[PDB]
Structures are given as C-alpha cells and as structure tokens.
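The chain below stands alone and is given in structure tokens; this is the form deposited in one PDB entry.
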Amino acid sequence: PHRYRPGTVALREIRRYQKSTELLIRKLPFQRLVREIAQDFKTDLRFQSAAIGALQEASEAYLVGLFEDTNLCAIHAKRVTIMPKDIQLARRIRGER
C-alpha cells in the first residue's frame, strides 16, 4: 500500500505546473463566468473567441502572480500555508486595496 507523505505530491505539482503553460481553468465554466459578469454591463453581447481567450490568459496570469506574492507573505509569517490574510496583505501592498 504505497502512499506519499503530505507535501511530496504538492511539490511535484509545483514542478509540473511551473513547467507547463496551458490554461489551468476549465474553459467552458470560465466563458460562462465571463458572459455573466458582462451581462450586468450591456445586455445580449457576443464575444470573439479571441476575446474570451484574452480575458482568460490575463486573469490566470494575474491570479498566478497574486499567489506568488501571497506565498511570500505567508513565508514572511513563518508559515508554509497561504491564507486569506496573505492574499489580503498582498492586495493591500499592491494598491489594489
């Protein structure tokens, strides 16, 4: 009965994902979210596939970046586990808040 110690697989996923470049958010769910937020600004809009693809690239690169700063904030707190207060601290120093 083989089992990996907590953390081992996690590092393995970091090494994997920092190596690839494919979008990590499932496409359909995403487009659904994009069109919904948008519905609140102008009704019955249509989206170039390229536009949905630009929005996804942008947000995924944004979130990934934000996680980097969050990780740094957690580490700064002698922790290894990111938390909302870490995301909150980064977004504050970033001026987004």
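All residue numbers are counted from 1 along the displayed sequence. Think of the rigid core as the biggest set of C-alphas that the two forms share within 1.5 Å after superposition.
A.B. asks: Taking the recorded C-alpha temperature factors, which stretch has the higher mean, 34-42 or 64-72?
C.D. replies: Comparing 34-42 with 64-72, the higher mean C-alpha B-factor belongs to 34-42.
A.B. asks: Out of 5-13 and 76-84, which stretch has the higher average CA B-factor listed in the record?
C.D. replies: Per the deposited B-factors, the answer is 5-13.
A.B. asks: Compared with the other modelled residues in the chain, in which third is the CA B-factor of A58?
C.D. replies: For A58, whose C-alpha B-factor we compare with every modelled residue in the chain, the answer is the middle third.
A.B. asks: Could you tell me which third, lowest, middle or highest, the C-alpha B-factor of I52 occupies within its chain?
C.D. replies: Lowest third of the chain for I52's C-alpha B-factor.
One more form of this protein should be noted, the form deposited in another entry, which is absent from this view; the next part is about it.
A.B. asks: For a quick test of reading the superposition: does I25 move by 2 Å or more at the CA between this form and the one not shown, rigid core aligned?
C.D. replies: No, because once the rigid core is superposed, the C-alpha of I25 moves less than 2 Å between this form and the one not shown.
A.B. asks: After a rigid core superposition, would you say the CA of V64 moves by 2 angstroms or more between this form and the one not shown, or not?
C.D. replies: It does not, since the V64 C-alpha is displaced less than 2 Å between this form and the one not shown after the core fit.
A.B. asks: So, superposing on the core, is the move of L45 at the CA at least 2 angstroms between this form and the one not shown?
C.D. replies: After core superposition, the displacement of the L45 C-alpha between this form and the one not shown reaches the 2 Å mark, so yes.
A.B. asks: How does the CA gap of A58 and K19 change in the other entry versus this form, closer or farther, if it moves 3 angstroms or more?
C.D. replies: Between the C-alphas of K19 and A58, the gap narrows in the other entry (3 Å or more compared with this form).
A.B. asks: Given that the distance between the C-alpha atoms of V64 and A77 changes by 3 Å or more in the other entry, do they end up closer or farther than here?
C.D. replies: Farther apart, by at least 3 Å.
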